[PDB]
Every structure is written in C-alpha cells, then in structure tokens.
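For this chain, numbers begin at 1 and follow the sequence in order.
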Amino acid sequence: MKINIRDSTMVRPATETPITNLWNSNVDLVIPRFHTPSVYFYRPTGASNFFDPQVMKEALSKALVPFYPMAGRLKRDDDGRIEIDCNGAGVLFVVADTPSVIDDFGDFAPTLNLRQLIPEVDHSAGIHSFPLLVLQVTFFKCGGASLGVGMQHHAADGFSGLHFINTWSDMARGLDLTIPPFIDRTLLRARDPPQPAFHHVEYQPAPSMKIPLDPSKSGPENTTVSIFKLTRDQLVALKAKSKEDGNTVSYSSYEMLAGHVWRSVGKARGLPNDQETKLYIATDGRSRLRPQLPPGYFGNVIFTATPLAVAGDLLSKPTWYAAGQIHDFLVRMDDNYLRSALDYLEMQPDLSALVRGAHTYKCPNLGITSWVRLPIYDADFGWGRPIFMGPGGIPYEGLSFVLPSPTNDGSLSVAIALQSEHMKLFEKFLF
Ligand SMILES: O=C(/C=C/c1ccc(O)cc1)O[C@@H]1C=C(C(=O)O)C[C@@H](O)[C@@H]1O
C-alpha cells in the first residue's frame, strides 16, 4: 500500500472567530496523549463529483466557524496547564491517491498501514506546532475514497468530535448546523475546595506483570492488530449465558460482551492464576451528570470505570462473574461519583502522571472502548454513508474497540491490538 500525496491545505474558518484561550477540564487532561485516529470508507457513486476537494474544503471552512476551537492550537497557561489556543490557525487537509483498492484492506483491521490513511503528526516539536485536527481524503484505484481523521484528544471526545465531523458532512450537502456547539468546559470545574467522596480505583496505577514479559514477545514491535465480527446470533447466545450455573441476575448485552472480551484476552495471554488484570472502560458521563450538560457541549466527558479481577477467578468462573464486576463498577458512577472524580483529579499535583497511555492498557490489563453508541455512520458528504468506520490504528497493545454494524444487522465488531502469539489464541473469543 503506497500513498501519493496530491494536495495539502491549511483550511481556516470561513469568517473571523473568537480569539480566546479555551480552558481544559480535568477529564480533558487525563485523556490519552495525541490524536485519536478514525477512518471512513466510501464506495464510488459513479459520479465525477465524488468527494470533490473544493466542496469538502469549503464545507470544512464553514463548519470551522461554529466549531472554531477545532482550528486552534495547544499551549500552556501561566500555571503551566495545557489549554486550547483558539487562534484560527486552521486544520490540515490532505488529498492523496493510491494504486490500492479498498477491497485490498479486506476486513479493515486498524493495522499500521491503515494508519497511512491519516496524515502523520510530529509531536516531538512544540506543543503548539501541530494542528488539533488532521484530515485526509485518499482516492483509491477502484474509484472509492477514504476519510482519515486525527483529532487531538484535548479538543473533543467521540460525541463532540463526531458532532463536528457530521456537521461538516451536513454542510457539504448544503445543510445548516443543527445543534450548535456549547463551548465552555468550566461546567466540569472541580468544587472549591475539592472534596473527593470516594477512593477512585480508576486513577490508581494498573497492575504490573508479577513475572516480567519477554521484550521480544512483548513491546510495540511484536503486536498484532485484528478485528473480529460477532453475529447477533453469537451475541444473543452470549447474553443468554447469563443463565449459566444458576445465576438469576440479568446483565446487559454490553456487560456480557465486555466481560467475554476481558475473559477471552485473559485466557489468550495465559495469565498465572494469581495475576491481577484491570479493565479500562471509557464511560460517557453526559447521561450521568444530574444537573445535565447542555446539548452540543464541546470537549471530553470521558470518565473511567475499572473493574479488576484475579485471573484465577476471572478465567475459572462463568462469564457472568466478569459481567458482574463490570456492572458493579458501572452502576456506582452516578453524578455524585463523577463529581468526586473531578475533585480527586483536582487534588493531584501532576495530572500528566494520570494520562492514560501504553502503560495503561498493556498486558496484563485491557482497555475496551465502545463506539457502538457513537453516530459514526452519519458522515454523508453528498455521496453516501460510509461502508465502514473504525479506529485509524491501535497504537497500544491491550487496547480494543467495539464498533456497531454499518448495516444495522445486530452484529458488533471487536477491533484489538494484542501481542502476536496471543492473537491466534484470542480466537477463543468465538467460543
Ligand atoms: O474513543 C475515543 C475517541 C473517539 C473519537 C472518535 C471520532 C472522533 O472524531 C473523535 C474522537 O477516545 C478514547 C479514549 C481512551 C481513554 O479514555 O482511555 C481510550 C482510547 O481507546 C480511545 O481513543
């Protein structure tokens, strides 16, 4: 797979936008470190029109007016806290061609070479030196096209990011903004003085391997990225296994599936029985906060659930015990818990230490982030909804994504990075 860059524009908002410094909340900071990668694939309609760069760039310009922080830069304030400099510097927009065809990607596992569909960002220079959002339209030999998105994590979680990408697609089709973005993260400010009510397991360091891992089997260089589809048959069977061993409790489809992936990764890694394994669950707090955030709220509302088990229990007990741990952590996260979380973060001297990253998800642990409830298939720019949308790469061993079906057949996909030798075994997930 070879990419030939054709054009490259720094697209700025269509009109003047507020010059201001946009404050980041604590959950805007403890978010992962770079640009969240996502990719969209589109069949050709047969039209010459197809993903016309001018249409895209003009629509992008317009959308960058209500969503003007998206065209800003990272900077530090006087106390050294990272904030968004709303300077309207612009968004990088690349047009590329490739002799490859879409079908060459087979199943769209977010491998390294799929990452090639998003432009690369050099973070090693200034914090201020790179766009918050990088975009690439790649035209394939088959007439199809892909949209690679790389959005700096401080700017937006999935709900706010797709609020922009979809408003953009709407604007490309001549439509107007629907829900205007609410741009003020101070709603997620910690109380004064802070007052944690809980011990937040989610922000305690992840279990390490009791036995150090072989750096030739472990590490970035010998990790595989695959995806797997589960049919609604397999999912229905899965939720029904809540019955097993006389358990009367009914857990959610997401709980049983997450528990199943967690348990299946555990078996695959051949963990010792006394080894602890921590599951990281990105959790939208929009529905839990009880004053309740405005529609269009622009930023991160990601809070974090972290069920934990000893592999001995996790692998020997039925799947619903895993579901139980997950449920027990998810159900505690009401508004009172999330307010605690903000206060707890506030009382840490160095938030950079809590920024989740490779060390967070790597074996013996696991991250599972659900995109199932995200409107990922709504980006229609005038030539149809995408046939596929998922992560643009999974850079961290141990991180995984749950994607919804592009066709509403009740199937789900798990996209995941594991160490090579564990990946084959991880088909054990189709038990
Ligand atoms: O899900 C997201 C971002 C999604 C997103 C999708 C489309 C966009 O246009 C913009 C953002 O962030 C997550 C944060 C992580 C965390 O909180 O640990 C764990 C990671 O797997 C994951 O990337």
Side-chain angles (χ1 to χ4, degrees), residues 1 3 5 8 28 31-42 56 60 70 74 91-96 98 100 102 105-124 130-138 140 145-166 168-169 220 223-227 280 282 299-300 302 355-358 360-362 367-372 374-379 386-404 406 413-418:
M1 171 70 163
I3 305 286
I5 286 176
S8 169
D28 292 307
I31 212 62
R33 207 161 281 268
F34 308 90
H35 293 69
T36 168
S38 67
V39 65
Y40 301 76
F41 289 95
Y42 300 91
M56 297 289 287
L60 170 66
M70 196 68 70
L74 291 193
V91 166
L92 186 70
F93 181 86
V94 182
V95 175
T98 182
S100 270
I102 298 175
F105 281 109
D107 51 20
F108 303 124
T111 68
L112 82 101
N113 85 313
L114 189 132
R115 179 61 183 69
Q116 275 195 296
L117 292 184
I118 306 146
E120 202 70 54
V121 166
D122 187 19
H123 300 97
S124 65
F130 52 79
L132 295 186
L133 168 67
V134 292
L135 304 167
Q136 178 174 318
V137 183
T138 304
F140 292 71
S146 67
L147 176 69
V149 181
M151 185 179 305
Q152 153 63 51
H153 264 118
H154 293 305
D157 61 25
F159 288 96
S160 285
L162 294 179
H163 185 197
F164 165 85
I165 296 290
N166 290 342
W168 178 25
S169 76
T223 82
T224 302
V225 189
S226 307
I227 71 167
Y280 285 79
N300 289 260
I302 298 172
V355 169
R356 296 176 294 275
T360 302
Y361 320 108
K362 59 167 175 192
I368 171 183
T369 85
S370 186
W371 281 7
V372 160
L374 293 183
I376 71 173
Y377 295 109
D378 286 4
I387 64 172
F388 181 86
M389 154 23 198
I394 309 192
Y396 308 134
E397 190 278 329
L399 180 67
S400 78
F401 299 82
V402 181
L403 314 177
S413 295
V414 171
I416 181 167
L418 293 176

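Smallest separation of non-hydrogen atoms from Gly392 and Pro110: C-CB, 4.2 Å. Minimum heavy-atom separation, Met1 to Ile3: CE-CD1, 3.4 Å. Nearest heavy-atom pair across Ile102 and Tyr42 is CD1-O, 3.6 Å. Here the closest non-hydrogen pair linking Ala156 and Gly161 is CB-N, 3.5 Å.
Each of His35, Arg33, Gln152 was compared with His123 under the side chain to side chain donor-acceptor pair (under 3.5 Å) criterion, and only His35 meets it. When each of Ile376, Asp378, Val372 is paired with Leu374, the side chain to side chain contact (heavy atoms under 4.5 Å, CB included) condition holds for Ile376 and for no other. Checked options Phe108, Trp371, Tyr396; the residue passing with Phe401 is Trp371 (criterion: ring-ring contact (aromatic ring centres under 6.0 Å, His included)).
To the nearest 0.5 Å, the span separating OG1 on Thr138 from CZ on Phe140 amounts to 5.5 Å. Note: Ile118 CD1 to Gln136 CD = 8.5 Å, rounded to the nearest 0.5 Å. Atom CG of residue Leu418 and atom OG1 of residue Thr223 lie 8.5 Å apart, to the nearest 0.5 angstrom. Atom-to-atom distance recorded for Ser169:OG and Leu60:CG is 12.0 Å, nearest 0.5 angstrom. One finds the CG atom of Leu403 at 9.5 Å from the OG atom of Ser400 (value rounded to the nearest 0.5 Å). Put simply, CG on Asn300 and CD1 on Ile31 are 4.5 Å apart, with the number rounded to the nearest 0.5 Å.
Using modelled atom types, one side-chain atom of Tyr377 and one backbone atom of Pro404 make a donor-acceptor pair closer than 3.5 Å. At least one donor-acceptor pair closer than 3.5 Å links the side chain of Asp157 to the backbone N or O of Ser160. The backbone N or O of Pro375 sits less than 3.5 Å from a side-chain atom of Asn166, completing a donor-acceptor pair. A donor-acceptor contact shorter than 3.5 Å links the side chain of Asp107 to the backbone of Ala109.
Within the 6.0 Å centre-distance limit, the rings of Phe41 and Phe105 are counted as a close aromatic pair. Between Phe34 and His153, the distance separating the two ring centers is not shorter than 6.0 angstrom.
Counting heavy atoms from C-beta on, the side chains of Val94 and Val137 never come closer than 4.5 Å. In this structure, the side chains of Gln116 and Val39 stay at 4.5 Å or more apart for every pair of heavy atoms. Side-chain contact check for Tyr40 versus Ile387: every heavy-atom pair is 4.5 Å or farther apart. Looking at heavy atoms from C-beta onward, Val402 lies out of side-chain contact with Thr369 at the 4.5 angstrom threshold. The side-chain heavy atoms of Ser38 and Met389, taken from C-beta on, include a pair separated by under 4.5 Å. Here the side chains of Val95 and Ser8 are not in contact, with every heavy-atom distance at 4.5 Å or above. With a 4.5 Å cut-off on side-chain heavy atoms, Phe93 and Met56 count as touching. Annotation: side chain of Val134 is not in contact with side chain of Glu120 (no heavy-atom distance under 4.5 Å).
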